[PDB]
Amino acid sequence: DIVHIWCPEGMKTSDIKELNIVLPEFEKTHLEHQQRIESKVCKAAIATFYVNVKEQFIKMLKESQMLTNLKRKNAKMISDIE
Amino acid sequence: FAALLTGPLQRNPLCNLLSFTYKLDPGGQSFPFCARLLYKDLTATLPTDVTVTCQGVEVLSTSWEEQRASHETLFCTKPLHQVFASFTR
Amino acid sequence: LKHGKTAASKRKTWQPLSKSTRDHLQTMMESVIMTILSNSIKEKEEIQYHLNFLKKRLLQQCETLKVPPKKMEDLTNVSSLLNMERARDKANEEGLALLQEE
Amino acid sequence: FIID
Amino acid sequence: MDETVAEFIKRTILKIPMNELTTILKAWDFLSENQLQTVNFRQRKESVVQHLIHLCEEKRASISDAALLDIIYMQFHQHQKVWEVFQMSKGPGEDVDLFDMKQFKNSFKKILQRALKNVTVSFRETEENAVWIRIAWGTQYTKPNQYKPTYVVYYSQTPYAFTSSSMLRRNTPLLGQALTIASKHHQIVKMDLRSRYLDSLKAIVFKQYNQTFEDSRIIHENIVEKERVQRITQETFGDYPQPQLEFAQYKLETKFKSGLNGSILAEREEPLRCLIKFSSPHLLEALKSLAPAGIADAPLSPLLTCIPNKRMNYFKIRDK
């Protein structure tokens, strides 16, 4: 059972979300679509699809860690206000 | 003498500080006079601290300054039920 | 990015993927189809046909993949949900300014 | 009987 | 119009019965009398919720107008909430105090808008100049606690106050000292006395309601016993009307000592801790009937007779 989950460094067991399993499943079915296509200009658009969408997968995880950073900032400051 | 005063009244049950706003006609013009009656001796009836202000206009002749000097002498040496009957006089 | 290698006891309380995650992934797929077709010159028909076959496959694999049932934020309103804790963190800075200066 |  | 303050308008229609529904709306005196006879009060109660919410929309009620209705609902219904008492102390070097109602309403408003950012303050002036204060507690984010309010009764000259028990106990030193500064005092003492009747707690403390005056074949042999067991209750309690108190918690840490047993706890130096609560209505004239019943002694204990006198019911008893 060697299916992978790719997480950034610094997380714990109780912080594991749902998007860290779909992203290794995004690249496993990506190579199975490329092998049935012999056109070089069609595989370059999927290579354009491999760069820019994975950049948005990095962008949606960097925004999601900043949602958890200001939520823990709101939990830390409420001990300092009280 | 509740028909001579305008506005609501604010009364404490100890009556150590009173506040009421009345109107008079000394020469045909309505003068809103706001008088605050603060008491310094708790064992007495007569006032000690009399501060009488005007809510309306105050840019006039020497009639209202003579009137405000008349109210401060007739609140210290006259009780409050006898000076209201003198206001109808 | 580190490794996976799941347990055999974790596969009992798993749930399918939620609707609001899949509605944002359908929205950004339609935004990136219009991104490529504004950037392409020729052969616009069959490259669209390989992307409609790919988005049929990628939404099929999300229905078969089981996710943990832990709560997440909505990805559809991710520009507007990001700003509303910034109006509250600034409210605790002026709330500290009503406290620390007094 | 005192009350403290 | 906000929805969450309009939920409190339709809640208080549901919390009043229809027999006293005309008593509250005539003392609320914000709607005119032609619209009160337009709404049929003899119909279904959910239609009264629908007809009064059109009257609150067109007259543009606010958060102080809906909290004005909450004071009149809790004035005629004082039975649902308990009332603890606060005791303020006059400082040394003082002979007379300066009190003003315009000086009280701004100093109590500025002391609660400074500490917390969401405190709803509403006032109502009643007969013999008693101010009735609602406080809705909001913490840092939300619109404040509308379902669970907190009431302060203050009679504008006394150092005694009747405050209800809030469900947020962390704001109770904040509510006590805010009444101390605005009423020109220097010390707040929480006195331990509570009941569910506010009209009886102003009778036992202010002591203006307690006293209102200006055949030989059935013969007993107990001539020395019969009028001895009632002469203590006439010189202490009497047949006079008394205020109502229904609760008294008696925390005993006393010991055991008697002349009958010589081997029962004869070597114990440790205290026997106890707590004795009384849960019965009208307790002050309930204990006076035990002495002609013969089930109690005619020298009655002074702990049960000092309850209108010493002005608390929480007592702590030490005995050897």
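Residue numbers (the authors' numbering), protein chains in the order written: chain U, 233 to 314; chain O, 201 to 289; chain Q, 60 to 161; chain C, 303 to 306; chain N, 1 to 214, 234 to 339. From the three backbone atoms N, C-alpha and C, an ideal C-beta is built for every residue, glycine too.
Please list, in chain order, all residues of the same chain as residue i whose beta carbon is under 8 Å from its beta carbon, the five residues on each side excluded.
{"i": "N/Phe-30", "result": "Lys-59, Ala-61, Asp-65, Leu-68"}
{"i": "N/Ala-6", "result": "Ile-53, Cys-56"}
{"i": "N/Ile-16", "result": "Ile-24, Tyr-73"}
{"i": "N/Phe-256", "result": "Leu-303, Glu-304, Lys-307, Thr-324"}
CA-CA distance, residue i and residue j?
{"i": "O/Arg-268", "j": "O/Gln-255", "result": "13 Å"}
{"i": "N/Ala-182", "j": "O/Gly-228", "result": "43 Å"}
{"i": "N/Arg-124", "j": "N/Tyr-154", "result": "11 Å"}
{"i": "N/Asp-199", "j": "N/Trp-83", "result": "10 Å"}
{"i": "U/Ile-278", "j": "Q/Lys-149", "result": "43 Å"}
{"i": "N/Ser-298", "j": "N/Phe-266", "result": "6 Å"}
{"i": "U/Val-283", "j": "N/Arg-169", "result": "57 Å"}
{"i": "N/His-185", "j": "O/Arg-211", "result": "20 Å"}
{"i": "N/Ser-47", "j": "Q/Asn-111", "result": "56 Å"}
{"i": "N/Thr-163", "j": "N/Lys-190", "result": "10 Å"}
{"i": "N/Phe-206", "j": "N/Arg-330", "result": "10 Å"}
{"i": "Q/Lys-71", "j": "N/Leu-179", "result": "58 Å"}
{"i": "residue 323 of chain U", "j": "Q/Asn-136", "result": "This structure cannot settle anything about residue 323 of chain U, because the visible part of chain U is limited to 233 through 314."}
{"i": "Q/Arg-116", "j": "Q/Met-143", "result": "35 Å"}
{"i": "Q/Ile-100", "j": "Q/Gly-63", "result": "41 Å"}
{"i": "N/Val-39", "j": "N/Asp-70", "result": "21 Å"}
How would you call residue i, buried or exposed, if buried means at least 16 neighbouring beta carbons within 10 angstroms?
{"i": "N/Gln-37", "result": "exposed"}
{"i": "N/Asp-234", "result": "exposed"}
{"i": "residue 215 of chain N", "result": "No coordinates exist for residue 215 of chain N; the numbering of chain N passes from 214 to 234 with nothing in between."}
{"i": "N/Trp-132", "result": "buried"}
{"i": "N/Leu-284", "result": "exposed"}
{"i": "N/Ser-195", "result": "buried"}
{"i": "N/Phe-76", "result": "exposed"}
{"i": "N/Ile-13", "result": "buried"}
{"i": "N/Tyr-197", "result": "buried"}
{"i": "O/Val-283", "result": "exposed"}
{"i": "N/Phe-108", "result": "buried"}
{"i": "O/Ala-202", "result": "exposed"}
Kindly say whether residue i, judged by its beta-carbon, lies nearer than 8 Å to any beta-carbon of chain Q.
{"i": "U/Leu-299", "result": "yes"}
{"i": "U/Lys-249", "result": "yes"}
{"i": "U/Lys-305", "result": "yes"}
{"i": "N/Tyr-154", "result": "no"}
{"i": "U/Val-285", "result": "yes"}
{"i": "N/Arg-114", "result": "yes"}
Under 8 Å between C-beta atoms, does residue i make it to chain B?
{"i": "O/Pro-208", "result": "Structure shown: chain B not included; protein chains present are U, O, Q, C and N."}
Check whether the Cβ of residue i sits closer than 7 Å to any heavy atom of the ligand GTP, and report yes or no.
{"i": "N/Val-131", "result": "As for the ligand GTP, it is missing from this structure, which has no ligand bound."}
Can you check whether the C-beta of residue i is within less than 8 Å of a C-beta belonging to chain U?
{"i": "Q/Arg-116", "result": "yes"}
{"i": "Q/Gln-120", "result": "yes"}
{"i": "Q/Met-87", "result": "yes"}
Is residue i helix, strand or coil when you go by DSSP?
{"i": "O/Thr-262", "result": "coil"}
{"i": "N/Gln-103", "result": "helix"}
{"i": "Q/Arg-116", "result": "helix"}
{"i": "O/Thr-251", "result": "strand"}
{"i": "N/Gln-253", "result": "helix"}
{"i": "N/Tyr-269", "result": "strand"}
{"i": "Q/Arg-145", "result": "helix"}
{"i": "O/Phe-233", "result": "strand"}
{"i": "Q/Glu-132", "result": "coil"}
{"i": "U/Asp-233", "result": "coil"}
Any C-beta of chain N sitting closer than 8 Å to the C-beta of residue i?
{"i": "O/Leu-214", "result": "yes"}
{"i": "residue 162 of chain Q", "result": "Outside the modelled stretch of chain Q, which goes from 60 to 161, sits residue 162 of chain Q, for which no answer is possible."}
{"i": "Q/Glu-105", "result": "no"}
{"i": "Q/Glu-144", "result": "no"}
{"i": "O/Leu-217", "result": "yes"}
{"i": "O/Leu-242", "result": "yes"}
Whose C-beta lies closer than 6 Å to the C-beta of residue i among residues of the same chain, with five residues either side of it excluded?
{"i": "N/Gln-268", "result": "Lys-296, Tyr-333"}
{"i": "N/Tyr-209", "result": "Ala-203"}
{"i": "N/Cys-293", "result": "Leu-271"}
{"i": "N/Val-119", "result": "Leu-112"}
Excluding the 5 residues flanking residue i on each side, which residues of the same chain have their C-beta closer than 7 Å to its C-beta?
{"i": "N/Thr-252", "result": "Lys-307, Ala-310"}
{"i": "N/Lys-10", "result": "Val-49, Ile-53"}
{"i": "Q/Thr-80", "result": "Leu-134"}
{"i": "U/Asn-252", "result": "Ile-237, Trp-238, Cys-239"}
Strictly under 8 Å for the Cβ-Cβ distance: is residue i near chain O by that measure?
{"i": "N/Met-18", "result": "no"}
{"i": "N/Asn-129", "result": "yes"}
{"i": "residue 340 of chain N", "result": "Limits of chain N in this structure are 1 at one end and 339 at the other, which puts residue 340 of chain N out of reach."}
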